[PDB]
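This report refers to the structure that appears directly beneath it.
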Number of protein chains: 2
Amino acid sequence: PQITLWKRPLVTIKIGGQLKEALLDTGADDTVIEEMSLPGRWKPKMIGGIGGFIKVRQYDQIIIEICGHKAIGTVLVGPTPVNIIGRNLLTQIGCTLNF
Amino acid sequence: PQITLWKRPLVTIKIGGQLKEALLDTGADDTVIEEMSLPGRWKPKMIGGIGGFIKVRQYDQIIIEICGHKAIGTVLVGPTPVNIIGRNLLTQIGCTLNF
Ligand SMILES: CCN(CC)c1ccc2c(COC(=O)N[C@H](C(=O)N[C@@H](Cc3ccccc3)C[C@H](O)[C@H](Cc3ccccc3)NC(=O)OCc3cncs3)C(C)C)cc(=O)oc2c1
């Protein structure tokens, strides 16, 4: 679906059997989720933004359903005020910007 | 134009007579630009993002041409590693997310 941006582009996601809300974020290379407990072995890694940095855990080939579109890929868990879906998964669901 | 996201969605902007590159960022409520000197009277404001906050200056009814589409609105100047075009201006240029 086309989603205009008069409001924040928040969508339903399903990950690890859990339902969450997340922001579709063309400004993000990576997908990063608030504290949740994922399965499996995690590598470490660190990421930055507008006020500074945060540390996070990294899982590969995590399945995420994003407005019902499946995607598999790298997901990051660490601390954020919002769940964020980044371009690594936006590409899989066929997400474009149009204007 | 439709812009897919296999690469970061960087576009040319023209602001204050100056040409810059900026990221189309559906994850941003506001538009925030690296150090540049905008003439006119600026109100203060502290935008938050990931890693906390940064202080910035705020100008209203700034004209920005974004890939050739004009927009007028609130622009913020303070420190960022990338110039960011937020939803306040994305709405004016008719920018949608589609998938
Ligand atoms: C090739 C280049 N190489 C070498 C230099 C690279 C490439 C990439 C990186 C990257 C890639 O990093 C990442 O893409 N990070 C994601 C991230 O934060 N993206 C953000 C872009 C950005 C903005 C500001 C400063 C720096 C980068 C925008 C996102 O849209 C953010 C997400 C967010 C939104 C709201 C709350 C928290 C986080 N929104 C944002 O910061 O909004 C701020 C507000 C706006 N208006 C009111 S506040 C993150 C969420 C996974 C990191 C790095 O340290 O070095 C790199 C180097």
Pick out which of A:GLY78, A:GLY40, A:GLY52 has the largest mean-square fluctuation in a Gaussian network model of chain A, springs linking Cα atoms closer than 10 Å. A:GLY52
Here, GluC sites (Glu not before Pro) of segment B:1-87 satisfying both criteria (DSSP loop; at most 15 other Cβ within 10 Å) are B:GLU34, B:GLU35
With eigenvalues of the C-alpha gyration tensor scaled by 5 and rooted, chain A, Å: 21, 16, 12
Please identify every one of the trypsin sites (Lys or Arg not before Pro) in segment B:24-64 that sits in a loop by DSSP and has no more than 10 other beta carbons within 10 Å of its own beta carbon. B:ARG41
Residues with amide H under 5 Å of A:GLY51's amide H, sequence separation 5 or more or different chain, H placed in the peptide plane at 1.01 Å from N; which? B:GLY49, B:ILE50, B:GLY51, B:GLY52
Counting only helical runs of four or more DSSP H residues, what would the 222 nm mean residue ellipticity of chain B come to if each run contributes -39,500 (n - 2.57) and the total is spread over all its residues? -500 deg cm²/dmol
In nm², what is the average projected area of the convex hull enclosing the Cα atoms of the protein assembly as shown? 10.4 nm²
What list of ³J(HN,Hα) values in whole Hz, one per residue of segment A:18-24 in order, does the Karplus curve 6.51 cos²θ - 1.76 cosθ + 1.60 (θ = phi - 60°) give from phi, with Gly and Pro shown as x? 10, 9, 9, 9, 8, 9, 7
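Taken together, the values in this text are just the output of simple stated rules run on the coordinates, not laboratory data. Note: ideal-geometry Cβ built from the backbone for every residue, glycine included; neighbour counts use all protein chains shown.
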